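Protein sequence lines correspond, in order, to chains A and B.
Anchor point for the first sequence: position 70 equals 72 in the entry's author numbering, and the numbering is continuous, going up by one each time.
Anchor point for the second sequence: position 46 equals 47 in the entry's author numbering, and the numbering is continuous, going up by one each time.
Backbone N, C-alpha and C fix where the C-beta goes; we use that ideal spot for every residue, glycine too.
Right, one structure below, let's go through it.
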Amino acid sequence: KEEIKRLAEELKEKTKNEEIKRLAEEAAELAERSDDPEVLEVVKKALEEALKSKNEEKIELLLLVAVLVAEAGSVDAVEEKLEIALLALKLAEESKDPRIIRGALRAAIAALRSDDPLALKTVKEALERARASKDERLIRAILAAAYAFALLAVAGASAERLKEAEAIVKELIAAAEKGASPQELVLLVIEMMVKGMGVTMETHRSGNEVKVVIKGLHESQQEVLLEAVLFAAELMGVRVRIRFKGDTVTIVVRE
Amino acid sequence: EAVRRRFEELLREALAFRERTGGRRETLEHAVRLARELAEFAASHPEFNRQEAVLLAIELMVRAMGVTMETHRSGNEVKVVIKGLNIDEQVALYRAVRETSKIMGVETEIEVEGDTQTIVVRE
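Written out as structure tokens, the structure is:
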């Protein structure tokens, strides 16, 4: 059938990104090899969407959709992965809050880049519950905890530690729907990263601010905590003050 | 002084990559590689001071991202206050400061709050 390559090559010259240039070629190579009428329909569609978008995340998540469909050969094998992006991409057209659009896309991309079944399972469930509610503070809270739980799977936590973190994701959504403050919703993401990475913490509640002390984090792990705490704190509108010193991370959470 | 000529060369490569890609995350992960590529060149120069080597890694990332900085020197402590960073830039800045300091072998006390990241370089 062809006609896919020229759509994928036009994205390569249009974009300035390097990952877009690499995945677009990778999609044109893998789709040419597959012969499924359902797959060449998705790949062709995903490319036409990326050509219209000015968003490097929207283009990246659409490309990573055509790649993971053509490389899988069939559409039934990536039926969940497809809905994970299809929900996150849906959650971008409707919502107008830049926090939600950037959050929902990075959360899907991190989950699709990971392979953990418990990670993709948690993300689809989280995006179903986010797309349902019309509450903005809940959608911004589900995405904070989802993207933080995806970065644990990208960093490669153990099977029994992601389990502990998954229960925390479940407690965060439950507390967000019951109306917990954005401060405590941040402290549940810190606890997810603490439990997720197998450390402990102390909680000082003095006045209107919370102090958390974490010890035993390798520099590769402090980078994941900082990214997860800064991103979730931005989705809640909450001031954080993180101070590093060796293996000790100190977090000061203000509203 | 040959470390300085390697610095100026990596700085052209850092500013040029800021124009070509213009992506809020591809330039960062690239520029961090350049900051560590500078730390590697100065790690095998026993003449070069280990603090000033990290400072040039910091100054390399500051211009790669487009923010400003102020150098406060107090004996053996050099405090660098960097202002105007978002989330992607601070995660990219902290990675570059963690690895270049690990390579030079200096302790760094980094404090992040809002859009400002404060780095202390002892030895």
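My guess is that residue i and residue j are in contact by the Cβ rule of under 8 Å, so how many angstroms apart are they, rounded?
| i | j | result |
| --- | --- | --- |
| residue 44 (chain B) | residue 104 (chain B) | 5 Å |
| residue 225 (chain A) | residue 96 (chain B) | 5 Å |
| residue 262 (chain A) | residue 136 (chain A) | Nothing in the structure corresponds to residue 262 (chain A), since chain A is present only between 3 and 257. |
| residue 126 (chain A) | residue 89 (chain A) | 7 Å |
| residue 186 (chain A) | residue 176 (chain A) | Going by Cβ atoms, the distance from residue 186 (chain A) to residue 176 (chain A) rounds to 12 Å, so no, they are not a contact pair. |
| residue 65 (chain A) | residue 26 (chain A) | 6 Å |
| residue 244 (chain A) | residue 228 (chain A) | 6 Å |
Cα-Cα, which of the options is closest to residue i?
| i | options | result |
| --- | --- | --- |
| residue 85 (chain A) | A:113, A:171, A:245 and A:169 | A:113 |
| residue 252 (chain A) | A:123, A:192 and A:157 | A:192 |
| residue 70 (chain B) | B:124, B:88, B:120 and B:3 | B:120 |
| residue 222 (chain A) | A:166, A:103, A:16 and A:154 | A:154 |
| residue 65 (chain B) | B:113, B:19, B:114 and B:118 | B:19 |
| residue 48 (chain B) | B:90, B:3 and B:99 | B:3 |
| residue 75 (chain A) | A:54, A:105 and A:39 | A:39 |
| residue 239 (chain A) | A:108, A:100 and A:127 | A:100 |
| residue 98 (chain B) | B:21, B:24, B:110 and B:114 | B:110 |
| residue 143 (chain A) | A:181, A:33, A:248 and A:6 | A:181 |
| residue 79 (chain B) | B:12, B:114, B:24 and B:52 | B:52 |
| residue 76 (chain B) | B:22, B:122, B:21 and B:67 | B:122 |
| residue 106 (chain B) | B:17, B:40 and B:22 | B:40 |
| residue 124 (chain A) | A:73, A:12, A:17 and A:172 | A:172 |
| residue 160 (chain A) | A:199, A:149, A:42 and A:14 | A:199 |
| residue 30 (chain A) | A:43, A:17, A:9 and A:230 | A:9 |
| residue 17 (chain A) | A:3, A:35, A:53 and A:32 | A:53 |
| residue 58 (chain B) | B:17, B:38, B:21 and B:28 | B:38 |
| residue 3 (chain A) | A:206, A:13 and A:36 | A:36 |
| residue 91 (chain A) | A:158, A:103, A:242 and A:157 | A:103 |
| residue 138 (chain A) | A:108, A:158, A:96 and A:162 | A:96 |
Quick one: give me the first and last residue of the beta strand (DSSP E) that residue i is part of.
| i | result |
| --- | --- |
| residue 84 (chain B) | 78-84 |
| residue 126 (chain A) | No beta strand (DSSP E) holds residue 126 (chain A); the alpha helix (DSSP H) holding it covers 119-134. |
| residue 217 (chain A) | 211-217 |
| residue 71 (chain B) | 69-75 |
| residue 247 (chain A) | 241-247 |
Along the alpha helix (DSSP H) that carries residue i, what are the first and last residues, could you check?
| i | result |
| --- | --- |
| residue 81 (chain A) | 81-95 |
| residue 31 (chain B) | 27-44 |
| residue 6 (chain A) | Unbroken run through residue 6 (chain A): none, as it is neither H nor E. |
| residue 162 (chain A) | 161-179 |
| residue 194 (chain A) | 184-198 |
| residue 107 (chain B) | Residue 107 (chain B) -> no alpha helix (DSSP H), and no H or E assigned at all. |
| residue 49 (chain B) | No alpha helix (DSSP H) contains residue 49 (chain B), which DSSP labels as neither H nor E. |
| residue 139 (chain A) | 138-157 |
| residue 54 (chain A) | 39-54 |
| residue 222 (chain A) | 221-238 |
*Report yes or no: do three or more beta-carbon pairs, one from the segment 55-75 of chain A and one from the segment 16-34 of chain A, lie closer than 8 Å?*
Counting Cβ pairs under 8 Å, three or more are found: they touch.
*Taking contact to mean at least 3 C-beta pairs separated by less than 8 Å, is the segment 246-256 of chain A in contact with the segment 3-14 of chain B?*
Here the segment 246-256 of chain A does not lie against the segment 3-14 of chain B, with fewer than 3 beta-carbon pairs under 8 Å apart.
*Residues from the segment 37-67 of chain A in contact with chain B, defined by Cβ distance under 8 Å*: The residues in question are 58.
*Between the segment 211-218 of chain A and the segment 124-135 of chain A, do at least 3 Cβ pairs fall closer than 8 Å?*
No: fewer than three Cβ pairs fall under 8 Å.
*Contact residues within the segment 60-83 of chain B, judged by C-beta distance below 7 Å to chain A*: So nothing in the stretch comes that close.
*Along the segment 5-24 of chain A, what residues have a CB closer than 8 Å to any CB found in chain B?*
Residues of the segment 5-24 of chain A with a Cβ closer than 8 Å to any Cβ of chain B, in chain order: 18, 19, 20 and 21.
*Residues of the segment 217-233 of chain A with Cβ closer than 7 Å to any Cβ of chain B, in chain order*: Flagged, chain order: 221, 225, 228, 229, 232 and 233.
*Would you list, in chain order, the members of the segment 154-186 of chain A that have their beta-carbon closer than 7 Å to a beta-carbon of chain B?*
Listed by position, the residues of the segment 154-186 of chain A near chain B (Cβ gap below 7 Å) amount to none.
_Tell me which residues of the segment 88-109 of chain B have at least one Cβ-Cβ distance to chain A shorter than 9 Å, keeping chain order._
Taking 9 Å as the upper bound on Cβ-Cβ separation, chain A lies near residues 88, 89, 91, 92, 95, 96, 99, 100, 103, 108 and 109 of the segment 88-109 of chain B.
*Would you check if the segment 26-33 of chain B and the segment 80-93 of chain B touch, i.e. whether three or more CB-CB distances between them fall below 8 Å?*
Contact check between the segment 80-93 of chain B and the segment 26-33 of chain B: three or more CB pairs, one atom from each, fall below 8 Å, which counts as touching.
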